[PDB]
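**Q** Got a structure here, written out as structure tokens. Questions coming.
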Amino acid sequence: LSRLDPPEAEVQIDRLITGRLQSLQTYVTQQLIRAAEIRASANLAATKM
Amino acid sequence: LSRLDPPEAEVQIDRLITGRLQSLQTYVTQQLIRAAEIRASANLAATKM
Amino acid sequence: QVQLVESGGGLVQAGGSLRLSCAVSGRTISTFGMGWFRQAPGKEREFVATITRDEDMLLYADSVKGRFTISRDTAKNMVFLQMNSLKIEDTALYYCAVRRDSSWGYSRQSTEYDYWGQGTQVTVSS
Amino acid sequence: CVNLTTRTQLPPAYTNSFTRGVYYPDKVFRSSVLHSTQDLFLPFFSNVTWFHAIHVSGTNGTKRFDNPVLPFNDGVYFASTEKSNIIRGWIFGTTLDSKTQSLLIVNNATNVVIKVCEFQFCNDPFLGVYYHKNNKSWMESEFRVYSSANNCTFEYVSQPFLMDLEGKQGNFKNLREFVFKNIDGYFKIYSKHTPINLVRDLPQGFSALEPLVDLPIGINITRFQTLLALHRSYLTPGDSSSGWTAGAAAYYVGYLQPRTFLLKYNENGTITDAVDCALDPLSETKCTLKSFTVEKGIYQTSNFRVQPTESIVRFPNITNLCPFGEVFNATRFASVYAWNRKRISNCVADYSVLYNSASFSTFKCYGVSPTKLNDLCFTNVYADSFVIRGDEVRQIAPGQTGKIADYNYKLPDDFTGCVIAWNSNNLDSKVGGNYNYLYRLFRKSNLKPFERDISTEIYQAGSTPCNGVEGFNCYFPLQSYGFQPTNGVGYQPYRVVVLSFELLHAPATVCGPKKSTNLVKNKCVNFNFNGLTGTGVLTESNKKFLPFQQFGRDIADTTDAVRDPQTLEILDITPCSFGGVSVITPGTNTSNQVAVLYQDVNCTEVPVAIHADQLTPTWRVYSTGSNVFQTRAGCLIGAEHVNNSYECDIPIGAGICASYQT
Amino acid sequence: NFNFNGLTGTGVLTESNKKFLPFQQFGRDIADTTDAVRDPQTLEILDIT
Amino acid sequence: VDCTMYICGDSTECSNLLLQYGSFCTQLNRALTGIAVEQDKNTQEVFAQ
Amino acid sequence: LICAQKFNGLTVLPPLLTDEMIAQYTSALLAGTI
Ligand SMILES: *[C@@H]1O[C@H](CO)[C@@H](O)[C@H](O)[C@H]1NC(C)=O
Ligand SMILES: *[C@@H]1O[C@H](CO)[C@@H](O)[C@H](O)[C@H]1NC(C)=O
Ligand SMILES: *[C@@H]1O[C@H](CO)[C@@H](O)[C@H](O)[C@H]1NC(C)=O
Ligand SMILES: *[C@@H]1O[C@H](CO)[C@@H](O)[C@H](O)[C@H]1NC(C)=O
Ligand SMILES: *[C@@H]1O[C@H](CO)[C@@H](O)[C@H](O)[C@H]1NC(C)=O
């Protein structure tokens, strides 16, 4: 923002936003997969209990 | 790379990289889901054994 | 025309070698050719090797026997060429300035220019 | 003031740097953090020149004093150990004269003096120090480092470093290390002083070099030279360095190249340990794991690739004696007024014979090089061939278009292609034919583009027309052959093929000469077969292609075989040998021995797989040897295959495993 | 909002128990984030929260 | 799958540009290695009883 | 085909337990069972 005006900076801010959104989506997908695995493990633990 | 001077080809290279990376991410997500299903199947097979 | 920077040029000398060079329009870019043809009346003229834009092929003798020509520089982009043994006699004017042709190629009949132009009147023939 | 330095000039020595040369990459503070950075660093266990400056008191001995000009490169490392300080500074510059500003660093007994001037450095710079007449202490006499400056640009002062004036003790405890670089225009200087208890070589300890100062001089530096202090020759013995001598001393020097290091930061923010990722596979896996201790197992550290060795370009037969090329040489052809026109994807005429090892200027190309033809071709172009006097094609050659020489044969104003005019007795099939034919010099009416004149126009001009093929200026349009009095003519009779540009419909039509590089089999190379391009290992193929088939493709729609355009032989395409590089090693506490596994690669290709360029003593040992083993998962090096068949300890693959045994 | 020799950010300055070297300017955490800055005027170590 | 090779290959400009995307390739490679190890883990659990 | 996946980065890691070893494990299980 400091080194670029809004009209020209908008591209850079949009690139940053899309990259960060992609990273967060990947992290959330990995977390959901791990949560499913841990749910299966907890179901097995409950069965053993 | 050959048909355009690098400053102009940078955008095309970035677009190709983004597309290939997204393809790889979706493939990896599908593989993770299939591997979770196969892990469940293998746990069932071990229980059967 | 404004004279272009150079690191040695003019009439050739017997024995040894001269790294004839002339400043190119581009900066830090080596994807350009060069021509050293000198125009002057009479038959006192000899063919000079030409360098193509690609630069993979060197001189009219091909890269099989030629040597790589440097065409990149930091302070000021320049092209370096090695001169083969030739007769000292010369009568054509030398003017290292902006070239009148930029579509460099592998042609032989092609020359730097048809007519003459402003330049030093140094001559050792007549 | 010496024309050339005079001394014994004995060969230099060498020594191992060990872990010395570590400096703080940046002013950031980190506590118990293993930070990895990429910066100019001194490689671990590298060789550093051991310059020798000693004098032996006896009948015979080794006495020398070295201070030559050395390259600067991306960085410089320096060290020195003397009983009394002898090296009083350094010199940095490009020409080392008054023709360019050169940084000068010197030291004395009062303050450290740093200045930037166009010093005229002497061939053998040094500081003249002599014993005082009465005080009995060392005193400076002459500053024999330069003769004139003629310009001033900067001056700085700093407190003196550790002092050792008079030689004492039998140890070189006064160890000083310095690092110099000129990246981004900053002359960053990193140094540290620590004591040692050795008489020769370098200490085995570790000590990071904290930064001292940063000078933004910004002057380009390419050469540097060390300087010291010399005593009067007639007062003390020793080697006569241009007529001067000095006491015992010893200093080293090294160089830095880009790489990455794993820096360990202490709780107080001081660097204690450092691992050079490019030292050995153990260091590489440590960097990959970002830890100084690696647990037993197999870790995928990096990927190896067999880069292409050379570029290969192939095309249809030369062709030698092809019927299509026979037309241009000596059959069914005439001059420009009646040239022959052809176009077919059958072969290439005999002009390409010289395009293998004797590529003379016969392949006259304007604006583009003949090589670009192989990569790509032009738009629709006819095949116009004729016979003229050598370089007379300038009228029809590309470049001379736009109503300048188009009257005889008009070509598009944007005609930038290639014209072929060749003739030889050995590197050819047929000799150039006779050029006796009619020609047109000028006409009044216009002409169709990319077409020759057919109108029988006659101009009643002139009074004394020329006589014969050669003569004075010619005015009559129609004459037996023609020549331009204003341009050179009368060259040797050559047949010329011109690519008449059309720029309409069918692109990638008949082209100019195409290279035919020697075929390479079983060796990775870059190949380009008729536009199709790729990299791989060409090999003889058993596939039986049909006559009209040029190349094959697998189910994945990827090239896997190409018919040789000249010999009509099918050659398989195999991708370059690539795979993972897994380092096999037990717990770092147990031992530092490692074994490198290269996935899906023949053991013979391991050394050529981008190896042999790093530290040979540490890397090459694990990249080859007599312990190389081949397994299904890949090639295993650094481990000995046994038939004991113990229980698996480290998973390798295909039922194989590695374990540590004493 | 603080700006130390061009280092701009935002946090709650407070007393710092860390010890900085004479040449070191600021500090970073494991995740490559500023966590302590030395005051240029008084050389005082200040944490960032 | 080699992320750097798949997205870029032998080219160097694409490899340099891809560094701007952080460590997506490292994450994908780690996930693929984890799945590969899990395959052998399931095989051993089911068969090596 | 799996064997045709070798270009542009694709690689297949052989399983740690070979088919013969799996058959041996199955045979041992059957022998213990009977
Ligand atoms: C290619 O041309 C050479 C030269 O005449 C000839 O010997 C060879 O037989 C040709 N190729 C084929 C497949 O006939
Ligand atoms: C060394 O590390 C191994 C783990 O690989 C451990 O079993 C062993 O006890 C360690 N030995 C010592 C002396 O620390
Ligand atoms: C490795 O190469 C040798 C000889 O080139 C060959 O005998 C062997 O079968 C090859 N092995 C593999 C796995 O490619
Ligand atoms: C293992 O067996 C092979 C042949 O089966 C033999 O060549 C080799 O020497 C043997 N090695 C050991 C350590 O027994
Ligand atoms: C900072 O400057 C002030 C006055 O400008 C002075 O009183 C103080 O001692 C200085 N502190 C340091 C650490 O230099």
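When we count neighbours, we look across all protein chains shown, and the Cβ atoms used for this are built from the backbone with ideal geometry, even at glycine. Rule-based calculations on the coordinates, nothing more; no lab input.
**Q** Considering only residues that are within 16 Å of ligand 3 (Cβ to nearest atom), under 29 Å from residue D:47 (Cβ atoms), of a type in the set (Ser, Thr, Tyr) and not in a strand (DSSP E or B), which ones fall in the stretch D:596-624?
**A** Once the filter is applied, which keeps residues that are within 16 Å of ligand 3 (Cβ to nearest atom), under 29 Å from residue D:47 (Cβ atoms), of a type in the set (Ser, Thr, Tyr) and not in a strand (DSSP E or B), the stretch D:596-624 yields only D:624.
**Q** Could you tell me which residue of the stretch D:398-421 is nearest to residue C:109 (Cα to Cα), considering only residues that are hydroxyl-bearing (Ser, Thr, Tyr) and more than 10 Å from chain C (Cβ to nearest Cβ)? Give the steps one after another, and end with the answer.
**A** Initial filter on the stretch D:398-421 (hydroxyl-bearing (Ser, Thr, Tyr)): D:401, D:407, D:409, D:416.
Pick out the ones that are also more than 10 Å from chain C (Cβ to nearest Cβ) and you get D:401, D:407, D:409.
On the way: D:401: 14, D:407: 19, D:409: 17 Å.
Within the stretch D:398-421, the match that is nearest to residue C:109 (Cα to Cα) is D:401.
**Q** How do the pairs read when you match residues in the stretch B:28-49 that are at the interface with chain F (Cβ under 7 Å from one of its Cβ atoms) with residues anywhere that are outside any helix (DSSP H, G or I) and among the polar types (S, T, N, Q), using Cβ under 7 Å and keeping only pairs 6 or more apart or on different chains?
**A** B:49/F:49
**Q** Another question, if that's okay. Is there a residue being part of a loop (DSSP other than H, G, I, E, B) and either farther than 26 Å from residue D:64 by Cα or among the aromatic types (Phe, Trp, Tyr) (or both) anywhere in the stretch D:242-251?
**A** no
**Q** Select from the stretch D:150-206 the residues that are hydrophobic (A, V, I, L, M, F, W, C) and touching an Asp or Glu at 6+ places or on another chain (Cβ under 7 Å) and write down the one among them that is nearest to residue D:130 (Cα to Cα).
**A** Of the stretch D:150-206, the ones hydrophobic (A, V, I, L, M, F, W, C) are D:152, D:154, D:157, D:161-163, D:165, D:172, D:175, D:178-180, D:183, D:187, D:189, D:196, D:198-199, D:202, D:206.
Restricting the remaining residues to those that are touching an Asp or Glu at 6+ places or on another chain (Cβ under 7 Å) gives D:172, D:206.
On the way: D:172: 22, D:206: 37 Å.
My answer is D:172.
**Q** Right, next: Could you please find all residues in the stretch D:633-659 being assigned to a loop (DSSP other than H, G, I, E, B), more than 16 Å from ligand 4 (Cβ to nearest atom) and either within 14 Å of another protein chain (Cβ to nearest Cβ) or surrounded by fewer than 16 Cβ atoms within 10 Å (Cβ to Cβ) (or both)?
**A** Across the stretch D:633-659, the qualifying residues are D:633, D:647, D:648, D:649, D:654.
**Q** Could I ask something else about it? Go through (1) in a loop (DSSP other than H, G, I, E, B); (2) in contact with a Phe, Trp or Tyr (Cβ under 8 Å, 6 or more places away or on another chain); (3) more than 12 Å from chain D (Cβ to nearest Cβ) one by one and return the number of the condition residue C:99 breaks.
**A** (2)
**Q** Now for a different question. Going through the stretch D:289-339 one residue at a time, which ones are within 16 Å of ligand 2 (Cβ to nearest atom) and either over 30 Å from residue D:660 (Cα atoms) or part of a loop (DSSP other than H, G, I, E, B) (or both)? Write out each step before concluding.
**A** At the first step, the residues of the stretch D:289-339 found to be within 16 Å of ligand 2 (Cβ to nearest atom) are D:289, D:291-299.
Across the stretch D:289-339, the qualifying residues are D:291, D:292, D:293, D:294, D:295, D:296.
**Q** Pull up the stretch D:154-176, narrow it to residues that are exposed (fewer than 12 other Cβ atoms within 10 Å of the Cβ) and of a type in the set (D, E, K, R), then point me to the one that is nearest to the chain's Cα centre (by Cα).
**A** For the stretch D:154-176, the residue satisfying everything is D:155.
**Q** Continuing with this model, one more query. Quick one: how many residues across the stretch D:361-397 are more than 7 Å from chain C (Cβ to nearest Cβ), part of a strand (DSSP E or B) and of a type outside the set (A, V, I, L, M, F, W, C)?
**A** So the answer is 3.
**Q** Under the condition of being farther than 14 Å from residue C:32 by Cβ and more than 9 Å from chain D (Cβ to nearest Cβ), which residue from the stretch C:60-73 is surrounded by the most Cβ atoms within 10 Å (Cβ to Cβ)?
**A** C:66
**Q** While we're here: Has the stretch D:331-350 got any residue that is crowded, with 23+ Cβ neighbours inside 10 Å, within 14 Å of chain C (Cβ to nearest Cβ) and either over 25 Å from residue D:437 (Cα atoms) or not polar (S, T, N, Q) (or both)?
**A** There is no residue in the stretch D:331-350 that is crowded, with 23+ Cβ neighbours inside 10 Å, within 14 Å of chain C (Cβ to nearest Cβ) and either over 25 Å from residue D:437 (Cα atoms) or not polar (S, T, N, Q) (or both).
**Q** Moving on. Starting from the stretch G:6-32, keep only residues that are in contact (Cβ under 8 Å) with a residue 60 or more places away in the chain and within 10 Å of chain F (Cβ to nearest Cβ), then list their pairs with residues that are among the charged types (D, E, K, R) and assigned to a helix (DSSP H, G or I) whose Cβ atoms are within a distance under 7 Å, requiring at least 6 positions of separation or different chains.
**A** As it stands, the answer is none, since no pair meets every condition given.
**Q** Is there any pair with a first residue in the stretch D:296-325 that is more than 12 Å from chain F (Cβ to nearest Cβ) and without any contact (Cβ under 8 Å) to a residue 60 or more places away in the chain and a second that is away from ligand 3 (no atom under 16 Å from the Cβ) and assigned to a loop (DSSP other than H, G, I, E, B) whose Cβ atoms are under 7 Å apart and which are 6 or more apart or on different chains, and what are they?
**A** Qualifying pairs under 7 Å: D:319/D:347; D:319/D:348; D:322/D:347; D:322/D:349; D:324/D:344; D:324/D:346; D:324/D:347; D:324/D:349.
**Q** I'd like to check something: does the stretch D:458-466 contain any residue that is under 27 Å from residue D:363 (Cβ atoms) and not polar (S, T, N, Q)?
**A** No: the stretch D:458-466 contains no residue that is under 27 Å from residue D:363 (Cβ atoms) and not polar (S, T, N, Q).
**Q** Within the group D:385, D:424, D:359, which residue is out of contact with any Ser or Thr (no Cβ under 7 Å at 6 or more places or on another chain), surrounded by 22 or more Cβ atoms within 10 Å (Cβ to Cβ) and more than 26 Å from residue C:53 (Cα to Cα)?
**A** The unique qualifying residue is D:385.
**Q** Step by step: first the residues of the stretch D:571-595, then only those that are part of a loop (DSSP other than H, G, I, E, B) and of a type in the set (S, T, N, Q), then the one that is nearest to ligand 5 (Cβ to nearest atom). Which residue is that?
**A** D:588
**Q** Another question, if that's okay. Please find, within the stretch E:2-49, the residue that is nearest to ligand 1 (Cβ to nearest atom) out of those that are among the small types (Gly, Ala, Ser) and closer than 25 Å to residue D:36 by Cα.
**A** Result: E:31.
**Q** For the stretch F:1-23: of the residues being among the aliphatic types (A, V, I, L, M) and at the interface with another protein chain (Cβ under 7 Å from one of its Cβ atoms), which is nearest to residue D:306 (Cα to Cα)? Quick ask: steps written out before the conclusion?
**A** So the first thing to find is which residues in the stretch F:1-23 are among the aliphatic types (A, V, I, L, M), and the list is F:1, F:5, F:7, F:17-19.
Okay, now just the ones that are also at the interface with another protein chain (Cβ under 7 Å from one of its Cβ atoms), so F:1, F:5, F:7, F:17-18.
On the way: F:1: 17, F:5: 13, F:7: 18, F:17: 22, F:18: 21 Å.
Checking each candidate, the answer is F:5.
**Q** Pairs under 7 Å by beta carbon, first residue at the interface with chain D (Cβ under 9 Å from one of its Cβ atoms) and closer than 13 Å to residue E:14 by Cβ in the stretch E:30-49, partner within 16 Å of ligand 5 (Cβ to nearest atom) and among the β-branched types (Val, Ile, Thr), six or more apart or different chains?
**A** Every condition considered, the pairs that remain are E:36/E:45.
**Q** With the checklist (1) touching a residue at least 60 places away in the same chain (Cβ under 8 Å); (2) within 32 Å of the chain's Cα centre (by Cα); (3) surrounded by 18 or more Cβ atoms within 10 Å (Cβ to Cβ) in hand, flag the one item residue D:617 doesn't pass.
**A** The single condition residue D:617 does not satisfy is (3).
**Q** Tell me which of these residue D:593 doesn't satisfy, since it passes every other one: (1) surrounded by 15 or more Cβ atoms within 10 Å (Cβ to Cβ); (2) more than 16 Å from ligand 3 (Cβ to nearest atom); (3) over 20 Å from residue F:10 (Cβ atoms); (4) away from chain G (no Cβ under 14 Å).
**A** Result: residue D:593 fails condition (1) only.
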